[PDB]
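For reference, the structure discussed in these notes is given below.
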Amino acid sequence: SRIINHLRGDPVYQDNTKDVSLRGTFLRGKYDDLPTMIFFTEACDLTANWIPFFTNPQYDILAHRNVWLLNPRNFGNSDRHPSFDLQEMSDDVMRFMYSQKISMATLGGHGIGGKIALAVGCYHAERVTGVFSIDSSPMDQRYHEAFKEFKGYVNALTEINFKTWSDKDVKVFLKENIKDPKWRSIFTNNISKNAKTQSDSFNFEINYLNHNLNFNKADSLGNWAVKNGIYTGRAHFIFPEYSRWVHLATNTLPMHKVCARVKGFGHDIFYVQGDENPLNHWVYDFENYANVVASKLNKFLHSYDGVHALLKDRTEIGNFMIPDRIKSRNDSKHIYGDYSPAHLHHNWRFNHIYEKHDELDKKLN
Amino acid sequence: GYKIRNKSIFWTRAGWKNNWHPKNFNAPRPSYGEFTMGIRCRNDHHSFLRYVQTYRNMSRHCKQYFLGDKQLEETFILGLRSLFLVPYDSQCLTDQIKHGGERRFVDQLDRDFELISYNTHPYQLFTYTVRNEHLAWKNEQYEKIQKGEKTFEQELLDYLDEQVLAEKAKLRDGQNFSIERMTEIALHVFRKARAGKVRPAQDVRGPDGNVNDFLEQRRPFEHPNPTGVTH
Amino acid sequence: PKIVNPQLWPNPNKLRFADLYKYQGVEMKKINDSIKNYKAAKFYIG
Amino acid sequence: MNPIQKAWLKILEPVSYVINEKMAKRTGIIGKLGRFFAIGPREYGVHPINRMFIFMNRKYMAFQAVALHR
Amino acid sequence: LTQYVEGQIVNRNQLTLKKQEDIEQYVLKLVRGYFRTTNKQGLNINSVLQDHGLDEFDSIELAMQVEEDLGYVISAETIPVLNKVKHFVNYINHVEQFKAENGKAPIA
Ligand SMILES: COC1=C(OC)C(=O)C(C/C=C(\C)CC/C=C(\C)CC/C=C(\C)CC/C=C(\C)CC/C=C(\C)CC/C=C(\C)CC/C=C(/C)CCC=C(C)C)=C(C)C1=O
C-alpha cells in the first residue's frame, strides 16, 4: 500500500542498449529523509522473496534506509536487451537513479546480483556509497557446480513451448528436469500469462539468457572480467560457511583483488556458521542465516557505508583529521595541513538543503 | 553468530569442566593412625570463623572512607556479598577442591583485606572515582533546580510523555501500546539527543541538523596535530 | 598567553568541535600530577 | 604544550606580530616565508624521548612490585 | 566517638538498656532499619531472619551495628548463631549479666 510501492510497467525490447529502463519495487522507510539502497535479486529470482527480510521488525532495515528492489535488464519487469555487459547494465542503473532523482545509493546483490551491484561501483564509484554482496564474489563461476546446474536448467527451459505445451506438460517437465526445490519454485512463479490469456511465457528473456550462458564466454554472467576493474568504495561480503558459490579456501582473494579498501576476513568479509546444505544460498529463507546477514547489514549501513576510506568508522567523522598531499589545492597561499574529509548529503543534488542551511547560518551571525 | 565446534573443549583428564581437582600424579592418599608416627600439615578447622571476621573487617574498614554516605554503604554491601558468595553459587564444586577450598578462598580474601587496610585496593579507588562523578552530576541537577531551571533529564521525560499522547491518539484500531513501541520512541529521541551533545541545536533544525558541519574542516591555528605530521 | 592568529582560515567552533581543543589541557594536567609528587617528596629526599 | 614553550611565546610576542600579522598575509615569497616560519603551538611537538621514559618507567616499575612483593 | 553522617561529623551516642522491654524494641528497630529486611511489620520476637530476606552475612552487619550502638565487642564465634530476633535479645541479656557479675566484658 504505502510502505510497499512497486511501479508497474510492461517490458520493452530495445535495440539500443542506452534506451533501457529498469523497474522494481520501492520500500519506503520509517523516517522522512533516509538514503536509498538498491538491491539486486538472484538471476531469474523474484524480488518479493526479499520483502520479508527487509520488512522484518526484528531486523528493522527500513529504519536505516529506503530500499529499491530493482530488476536488471532481461529480468522480471525491466526492459529486455541481448547484451549483458556489466558496463551497459551499470549505466541502466545510473539512468534509473537519474529518472528517480537519486544522487547516490547503497548497492546490494545476491549471488549474480552481487556482481551487478559491484559492477556499478566499479564503473560509477563517485555515486555509490557502499556495496553489500551476499554469497557472491567478483569471480569467474563458469566452472562452479552451482552455476553449471543453473546454466543447465536454463537450457532445459528453452525446450518448452508454451503455445503447444499444456499446463500439465509443463509441471511434469519442471519436476523431472529441475531437481533443486528452490530453483524449481522460483521458475514456476516466474511463469506468467499475458492479458487475454493469449499464451504463457517466462517473465525473463529465456533466449537472450541461454545464449549468454551456453556460449560460456567473457560476457557470460558466471564470468567476472578484468575489464570491470576495481571498486574504490566501501564493500562488505557475507556468505555461508559451506557455500557452493563462494568457497572460503580461495574465493575470498578476488575481493582483495577487486576491492581496494577491503581489509580482510573478520572486518569486511564474514562467513555464517552453518552446515552443508544446497539451500544455504537463500539466506532470507532460514532465520539463522538471515539474522547474521541483517545484523551485519545494519552494521554496514550504520557505521561503515558512506564513510571515507581512511576513516575507520562513522564515529571518526568530525574528529579524525586526514593528512593532505602537498600541491593538491589551487590556492597558492594555503598552509597544508590535516583535514576532515567532506561527507555530503545523500541527495544534495536534487534538493536545496545546502542553499537553505546557508541562509539559516547567516541569520545566526 | 559463532559457536564453538569442538565437542571436547570442556574435557579434562579429571572429567568434563573439572576445575576443582585437576588430575596430577601425586594424588591425595589416606593416613592411618596405627602406622603414622608424625605428620606436618597446615590444614585446620578455623576457616569458617576467618570467613566471618574477614567480612566484618572488609566492611568496617571500607566504610571509614564513605563519609557516612548511606546509599554508598548499602551499594558496597551488595558488592561485598557478591565477592563472598562466589564459592556458594559457582559451577566449580568448591567442596571438592584439591586440598580444601575453604582455606583457599579465606586466604585469598585475607590478601584483599590487607590492601583494604591500607586503602589501596583497586575496588576502593574505583568506588571513590565512580561516586565523585555521580555526585558532580547530581549536584549539577540540584543547582539547576534551585534556580527554577529545567534539567535535561526532565525535558526528555516531558518530550516523551507528549509524544506518547500523539502516538496513542492515532492508535485506535488497537489499544495495546506495548513496551516495545514505548522503547523505540525513547531510543529515537536518545540517538538525536546523543548526537546533539557534540553538535548542539542552534536553530529549528534541531540537534545535529546542519549539513555544513560535515563539510571539509581543518584544525584551528591554536591547536594543531601534536602527535603526528599533517602533510 | 595569547597567540597571534594570521586568520588565514576560520577556526572551528569549540561547541561544535570540542575534541580539537582538549589535548592542550590534558598535557598540562599530566605535568601538574607529577609536580604534586615532586613536592610531596621534599622530606624523603631531604 | 609545556611551560618552556610558554616562555618562548612571551619572549617571541613581538616576533609573532611581525611574522604573522605582517608577513604571513603578504603575497609572494615574503608570504611563503612568513607562513612557513609562523609562530604558535607546535605541529608534531611531542617529545618521543620523554614519552619513552614514561613507558619504560611504568613497565619497569610493575616488575619491581612483583619482585619486591614476596 | 564521632562519625560522619551524610558528610557531616556527628557525635556518636551509646545506649544502656538494662531492661528486657528495651531490648526487644531495640532489635526490632535495628532489624527494621536494615535495607535487606522484608516484611518489617511482620517481624516479631519469634521471627527467623531467613524468612525476611536475611542470610549469614546480613547477621554480621547487624552485629556490627550492635557494637556501634552498645559498645560491645562481639567475637566471630558468636555471630553465626544469631539467626532470630530472640537470639539477639538473649545474647544482650547474657552480656549484661556477665558484666554485672564478673565486672568485665566477655571474651572477644
Ligand atoms: C627508582 O626506581 C626505578 C625506576 O622508577 C620506577 C625506573 O624507571 C628505572 C629505569 C630507568 C629509566 C626508565 C630511565 C632511563 C634513562 C636512561 C637510560 C638515561 C636517559 C638519558 C637521557 C634522556 C639523556 C640526558 C642528556 C642530558 C641531560 C644532557 C643534555 C642536557 C644538558 C647538557 C643540560 C644540563 C643538565 C644539568 C646541568 C643537570 C641539572 C638538571 C636540570 C633538570 C636542569 C635543567 C635546566 C634547564 C635549563 C632545563 C630504574 C632503574 C629504577 O631503579
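Each chain in the C-alpha cells gets a letter, A, B and so on, in the order shown; residues start at 1 in every chain, and ligands are counted from 1 in the order they appear.
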Within 6 Å of chain A, which residues of chain B are there when counting only C-alpha atoms? Please give them as a list in words.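 That gives the following set of residues: residues 214, 215, 216, 217, 218, 230 and 231 of chain B.
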Identify, counting only C-alpha atoms and all ligand atoms, the protein, DNA and RNA residues located within 6 Å of ligand 1, and give them as a PyMOL selection string. chain D and resi 53+56-57+60-61
Could you save the residues just selected, with N, CA and C atoms, as a tab-separated table (two decimals), in the first residue's frame?
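Contents of result.tsv, freshly written:
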```tsv
chain	number	residue	atom	x	y	z
D	53	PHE	N	60.68	7.43	28.25
D	53	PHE	CA	60.95	7.26	29.67
D	53	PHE	C	59.68	6.86	30.42
D	56	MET	N	58.91	3.08	29.80
D	56	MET	CA	59.82	2.16	30.46
D	56	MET	C	59.77	2.31	31.97
D	57	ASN	N	59.50	3.51	32.47
D	57	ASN	CA	59.34	3.69	33.91
D	57	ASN	C	58.15	2.90	34.43
D	60	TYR	N	58.94	-0.96	33.96
D	60	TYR	CA	59.94	-1.47	34.89
D	60	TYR	C	59.45	-1.39	36.32
D	61	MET	N	58.56	-0.44	36.62
D	61	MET	CA	58.06	-0.30	37.98
D	61	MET	C	57.10	-1.43	38.33
```
Any chance you could tabulate, as JSON lines, the residues of chain C at most 12 Å from chain A with each one's nearest atom pair and distance in Å to one decimal, using only C-alpha atoms, in chain and rising number order?
```
{"residue": "C:6", "atom": "CA", "partner": "A:335", "partner_atom": "CA", "distance": 11.0}
{"residue": "C:7", "atom": "CA", "partner": "A:335", "partner_atom": "CA", "distance": 11.5}
{"residue": "C:8", "atom": "CA", "partner": "A:334", "partner_atom": "CA", "distance": 8.1}
{"residue": "C:9", "atom": "CA", "partner": "A:334", "partner_atom": "CA", "distance": 9.2}
{"residue": "C:12", "atom": "CA", "partner": "A:318", "partner_atom": "CA", "distance": 10.5}
{"residue": "C:13", "atom": "CA", "partner": "A:318", "partner_atom": "CA", "distance": 11.9}
{"residue": "C:16", "atom": "CA", "partner": "A:318", "partner_atom": "CA", "distance": 9.3}
{"residue": "C:17", "atom": "CA", "partner": "A:318", "partner_atom": "CA", "distance": 7.4}
{"residue": "C:18", "atom": "CA", "partner": "A:319", "partner_atom": "CA", "distance": 9.0}
{"residue": "C:19", "atom": "CA", "partner": "A:319", "partner_atom": "CA", "distance": 6.8}
{"residue": "C:20", "atom": "CA", "partner": "A:319", "partner_atom": "CA", "distance": 7.2}
{"residue": "C:21", "atom": "CA", "partner": "A:319", "partner_atom": "CA", "distance": 10.9}
{"residue": "C:22", "atom": "CA", "partner": "A:319", "partner_atom": "CA", "distance": 11.6}
```
Which polymer residues have any atom within 10 Å of an atom of region 106-112 of chain A, counting only C-alpha atoms, with same-chain residues fewer than 6 positions away left out, as a PyMOL selection string? chain A and resi 35-43+45+65-70+118-121+127-138+141+147+221-223+234-236+238-239+245-246+281-283+297+301+305-306+346
Can I get the residues of chain D within 12 Å of chain C, each with the closest pair of atoms and their distance in Å to one decimal, using only C-alpha atoms, sorted chain first then ascending number, as a tab-separated table?
```
residue	atom	partner	partner_atom	distance
D:1	CA	C:24	CA	6.0
D:2	CA	C:28	CA	6.5
D:3	CA	C:28	CA	8.6
D:4	CA	C:28	CA	11.7
D:5	CA	C:1	CA	10.5
D:6	CA	C:1	CA	7.2
D:7	CA	C:1	CA	9.4
D:8	CA	C:1	CA	10.5
D:9	CA	C:1	CA	7.4
D:10	CA	C:1	CA	7.3
D:11	CA	C:1	CA	11.0
D:12	CA	C:3	CA	10.2
D:13	CA	C:3	CA	8.2
D:14	CA	C:4	CA	9.8
D:15	CA	C:4	CA	10.0
D:16	CA	C:4	CA	6.4
D:17	CA	C:4	CA	6.6
D:18	CA	C:4	CA	9.9
D:19	CA	C:6	CA	8.9
D:20	CA	C:6	CA	5.1
D:21	CA	C:6	CA	5.7
D:22	CA	C:6	CA	8.7
D:23	CA	C:6	CA	9.3
D:24	CA	C:6	CA	6.6
D:25	CA	C:6	CA	7.0
D:26	CA	C:6	CA	10.7
D:31	CA	C:6	CA	11.1
D:34	CA	C:6	CA	9.8
D:35	CA	C:6	CA	8.5
D:36	CA	C:6	CA	11.8
D:37	CA	C:6	CA	11.9
D:38	CA	C:6	CA	8.5
D:39	CA	C:4	CA	7.9
D:40	CA	C:3	CA	6.2
D:41	CA	C:3	CA	8.4
D:42	CA	C:24	CA	10.8
D:45	CA	C:24	CA	11.4
D:46	CA	C:27	CA	10.2
D:50	CA	C:31	CA	11.9
D:51	CA	C:27	CA	11.9
D:54	CA	C:34	CA	11.4
```
Select all residues from chain B having any atom no more than 6 Å from an atom of chain D (counting only C-alpha atoms, ignoring ligands), output as an MDAnalysis selection string. chainID B and resid 224:229
Those same residues, written as a tab-separated table (two decimals), in the first residue's frame with C-alpha atoms?
```
chain	number	residue	atom	x	y	z
B	224	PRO	CA	47.40	21.66	15.52
B	225	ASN	CA	48.04	17.93	15.39
B	226	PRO	CA	50.52	17.42	18.27
B	227	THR	CA	51.02	13.69	17.74
B	228	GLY	CA	51.93	13.44	14.05
B	229	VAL	CA	52.61	15.26	10.82
```
I need the strand (DSSP E or B) residues of region 32-182 of chain A per DSSP on the backbone, written as a list in words.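 Answer for region 32-182 of chain A, restricted to strand (DSSP E or B): residues 36, 37, 38, 39, 40, 66, 67, 68, 69, 70, 80, 105, 106, 107, 108, 109, 110, 128, 129, 130, 131, 132, 133 and 134 of chain A.
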Within 12 Å of residue 263 (chain A), counting only C-alpha atoms, which residues qualify if same-chain residues fewer than 5 places away don't, as a PyMOL selection string? chain A and resi 233-237+252-253+255-257+268-270+309-310+312
May I have the residues within 12 Å of region 138-152 of chain B as JSON, numbers by chain, using only C-alpha atoms and disregarding those fewer than 5 positions away in the same chain? {"B": [131, 132, 133, 157, 158, 159, 190, 193, 194, 196, 197]}
Would you tabulate, counting only C-alpha atoms, all residues of chain B that have an atom at most 12 Å from an atom of chain E, showing the closest pair of atoms and their distance in Å to one decimal, sorted by chain then ascending number, as a tab-separated table?
```
residue	atom	partner	partner_atom	distance
B:46	CA	E:77	CA	10.4
B:47	CA	E:76	CA	11.4
B:48	CA	E:77	CA	9.3
B:49	CA	E:76	CA	5.8
B:50	CA	E:76	CA	7.9
B:51	CA	E:76	CA	9.1
B:52	CA	E:76	CA	6.2
B:53	CA	E:76	CA	5.7
B:54	CA	E:76	CA	9.4
B:55	CA	E:57	CA	7.8
B:56	CA	E:60	CA	6.7
B:57	CA	E:64	CA	9.8
B:58	CA	E:61	CA	11.4
B:59	CA	E:61	CA	8.4
B:60	CA	E:64	CA	8.1
B:61	CA	E:64	CA	11.8
B:63	CA	E:4	CA	9.9
B:64	CA	E:4	CA	8.8
B:65	CA	E:4	CA	9.4
B:66	CA	E:4	CA	8.4
B:67	CA	E:7	CA	5.1
B:68	CA	E:5	CA	4.1
B:69	CA	E:6	CA	4.9
B:70	CA	E:6	CA	7.0
B:71	CA	E:6	CA	9.4
B:72	CA	E:6	CA	10.1
B:73	CA	E:35	CA	10.5
B:74	CA	E:35	CA	7.5
B:75	CA	E:35	CA	10.4
B:77	CA	E:61	CA	9.1
B:78	CA	E:36	CA	9.8
B:80	CA	E:57	CA	9.7
B:81	CA	E:57	CA	7.4
B:82	CA	E:57	CA	10.9
B:83	CA	E:57	CA	11.5
B:84	CA	E:57	CA	8.9
B:85	CA	E:57	CA	9.6
```
If you keep N, CA, C and O atoms, can you produce a file of those selected residues as a short mmCIF file (atom, residue, chain, number, x, y, z; two decimals), in the first residue's frame?
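Saved as selection-v4.cif:
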```cif
data_model
loop_
_atom_site.label_atom_id
_atom_site.label_comp_id
_atom_site.auth_asym_id
_atom_site.auth_seq_id
_atom_site.Cartn_x
_atom_site.Cartn_y
_atom_site.Cartn_z
N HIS B 46 39.66 -23.68 61.21
CA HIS B 46 39.50 -22.28 61.57
C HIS B 46 39.03 -21.42 60.40
O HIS B 46 38.93 -20.20 60.54
N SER B 47 38.73 -22.03 59.25
CA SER B 47 38.40 -21.25 58.07
C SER B 47 37.03 -20.61 58.17
O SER B 47 36.80 -19.53 57.61
N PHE B 48 36.09 -21.26 58.87
CA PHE B 48 34.74 -20.72 58.98
C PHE B 48 34.75 -19.37 59.69
O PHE B 48 34.24 -18.38 59.16
N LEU B 49 35.32 -19.32 60.89
CA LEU B 49 35.35 -18.07 61.64
C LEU B 49 36.20 -17.01 60.95
O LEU B 49 35.88 -15.82 61.02
N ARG B 50 37.27 -17.42 60.28
CA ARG B 50 38.05 -16.47 59.50
C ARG B 50 37.24 -15.91 58.34
O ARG B 50 37.47 -14.77 57.91
N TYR B 51 36.29 -16.69 57.82
CA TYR B 51 35.42 -16.18 56.77
C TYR B 51 34.44 -15.15 57.33
O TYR B 51 33.97 -14.27 56.59
N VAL B 52 34.13 -15.24 58.62
CA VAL B 52 33.19 -14.30 59.23
C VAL B 52 33.90 -13.01 59.62
O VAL B 52 33.42 -11.91 59.30
N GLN B 53 35.04 -13.11 60.30
CA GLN B 53 35.76 -11.92 60.71
C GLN B 53 36.30 -11.15 59.52
O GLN B 53 36.35 -9.91 59.54
N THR B 54 36.70 -11.86 58.47
CA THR B 54 37.20 -11.19 57.27
C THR B 54 36.13 -10.30 56.65
O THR B 54 36.42 -9.20 56.18
N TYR B 55 34.88 -10.76 56.66
CA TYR B 55 33.78 -9.94 56.16
C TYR B 55 33.60 -8.70 57.02
O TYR B 55 33.49 -7.58 56.51
N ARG B 56 33.55 -8.88 58.34
CA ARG B 56 33.34 -7.75 59.24
C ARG B 56 34.43 -6.70 59.07
O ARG B 56 34.16 -5.50 59.15
N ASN B 57 35.67 -7.13 58.84
CA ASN B 57 36.76 -6.18 58.69
C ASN B 57 36.67 -5.46 57.35
O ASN B 57 36.72 -4.22 57.30
N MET B 58 36.55 -6.21 56.26
CA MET B 58 36.49 -5.58 54.94
C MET B 58 35.33 -4.61 54.84
O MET B 58 35.40 -3.62 54.12
N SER B 59 34.24 -4.89 55.56
CA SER B 59 33.09 -3.99 55.57
C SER B 59 33.37 -2.76 56.42
O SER B 59 33.15 -1.62 55.98
N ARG B 60 33.84 -2.96 57.65
CA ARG B 60 34.04 -1.85 58.57
C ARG B 60 35.19 -0.95 58.14
O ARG B 60 35.14 0.27 58.34
N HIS B 61 36.24 -1.53 57.55
CA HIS B 61 37.39 -0.74 57.12
C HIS B 61 37.14 0.02 55.83
O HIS B 61 37.82 1.02 55.58
N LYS B 63 34.06 1.34 55.12
CA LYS B 63 33.15 2.41 55.50
C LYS B 63 33.87 3.61 56.10
O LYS B 63 33.26 4.68 56.24
N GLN B 64 35.14 3.46 56.47
CA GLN B 64 35.88 4.59 57.03
C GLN B 64 36.00 5.73 56.03
O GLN B 64 36.14 6.89 56.43
N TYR B 65 35.96 5.42 54.74
CA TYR B 65 36.16 6.40 53.68
C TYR B 65 34.91 6.64 52.86
O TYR B 65 35.00 7.15 51.74
N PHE B 66 33.74 6.28 53.39
CA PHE B 66 32.47 6.57 52.72
C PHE B 66 31.82 7.85 53.21
O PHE B 66 30.86 8.31 52.58
N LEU B 67 32.30 8.43 54.30
CA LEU B 67 31.83 9.72 54.78
C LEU B 67 30.36 9.69 55.15
O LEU B 67 29.64 10.68 55.00
N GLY B 68 29.88 8.55 55.65
CA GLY B 68 28.50 8.44 56.06
C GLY B 68 27.50 8.38 54.94
O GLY B 68 26.30 8.50 55.20
N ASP B 69 27.94 8.20 53.70
CA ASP B 69 27.03 8.09 52.57
C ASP B 69 26.26 6.79 52.68
O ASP B 69 26.78 5.71 52.38
N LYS B 70 25.00 6.88 53.13
CA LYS B 70 24.23 5.67 53.38
C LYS B 70 23.97 4.90 52.10
O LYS B 70 24.04 3.67 52.08
N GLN B 71 23.67 5.62 51.01
CA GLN B 71 23.42 4.96 49.74
C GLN B 71 24.66 4.23 49.24
O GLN B 71 24.54 3.23 48.51
N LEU B 72 25.85 4.69 49.62
CA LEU B 72 27.07 4.02 49.21
C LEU B 72 27.37 2.81 50.08
O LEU B 72 27.85 1.79 49.58
N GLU B 73 27.08 2.91 51.38
CA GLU B 73 27.27 1.76 52.26
C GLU B 73 26.41 0.58 51.82
O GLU B 73 26.87 -0.57 51.82
N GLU B 74 25.16 0.84 51.45
CA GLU B 74 24.28 -0.24 51.02
C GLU B 74 24.69 -0.80 49.67
O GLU B 74 24.60 -2.01 49.44
N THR B 75 25.16 0.07 48.76
CA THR B 75 25.65 -0.42 47.48
C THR B 75 26.91 -1.24 47.65
O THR B 75 27.08 -2.28 47.00
N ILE B 77 27.78 -2.99 50.24
CA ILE B 77 27.44 -4.28 50.85
C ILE B 77 27.02 -5.28 49.78
O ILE B 77 27.48 -6.43 49.77
N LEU B 78 26.14 -4.86 48.86
CA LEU B 78 25.74 -5.75 47.78
C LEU B 78 26.94 -6.23 46.98
O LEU B 78 26.99 -7.39 46.55
N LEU B 80 30.07 -6.41 48.19
CA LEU B 80 30.88 -7.26 49.05
C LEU B 80 30.31 -8.67 49.14
O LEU B 80 31.06 -9.65 49.18
N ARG B 81 28.98 -8.80 49.16
CA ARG B 81 28.37 -10.12 49.21
C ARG B 81 28.63 -10.89 47.92
O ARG B 81 28.88 -12.10 47.95
N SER B 82 28.58 -10.20 46.78
CA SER B 82 28.87 -10.85 45.51
C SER B 82 30.28 -11.44 45.49
O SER B 82 30.53 -12.38 44.73
N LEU B 83 31.18 -10.91 46.30
CA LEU B 83 32.55 -11.41 46.34
C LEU B 83 32.68 -12.62 47.26
O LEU B 83 33.50 -13.50 47.00
N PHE B 84 31.89 -12.67 48.33
CA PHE B 84 31.90 -13.79 49.25
C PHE B 84 30.99 -14.93 48.82
O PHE B 84 31.16 -16.05 49.30
N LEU B 85 30.03 -14.66 47.95
CA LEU B 85 29.08 -15.68 47.50
C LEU B 85 29.58 -16.46 46.30
O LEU B 85 28.86 -17.33 45.80
#
```
For the atom pair CA of residue 82 (chain E) and CA of residue 32 (chain E), what is the interatomic distance in Å to one decimal place?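 Atom-to-atom, CA of residue 82 (chain E) to CA of residue 32 (chain E), that is 15.7 Å.
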Could you pull out the helix (DSSP H, G or I) residues of region 45-155 of chain B, going by DSSP on the backbone, and write them as a ChimeraX atom specification? /B:47-65,70-84,86-89,94-96,101-117,122-146,152-155
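For the atom pair formed by CA of residue 27 (chain B) and CA of residue 103 (chain B), the distance is 18.6 Å, given to one decimal.
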Just the residues within 10 Å of residue 26 (chain E), please, counting only C-alpha atoms, with nothing from its chain fewer than 3 positions along; format it as an MDAnalysis selection string. chainID E and resid 15 17 21:23 29:32 66 69 88:89
Could you check how far CA of residue 173 (chain B) sits from CA of residue 30 (chain A), in Å to one decimal?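 We find that CA of residue 173 (chain B) and CA of residue 30 (chain A) lie 19.7 Å from each other.
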For residue 11 (chain C), work out the shell of residues within 8 Å, counting only C-alpha atoms and skipping chain neighbours fewer than 3 positions away, then give it as a list in words. residues 218, 219, 220 and 221 of chain B
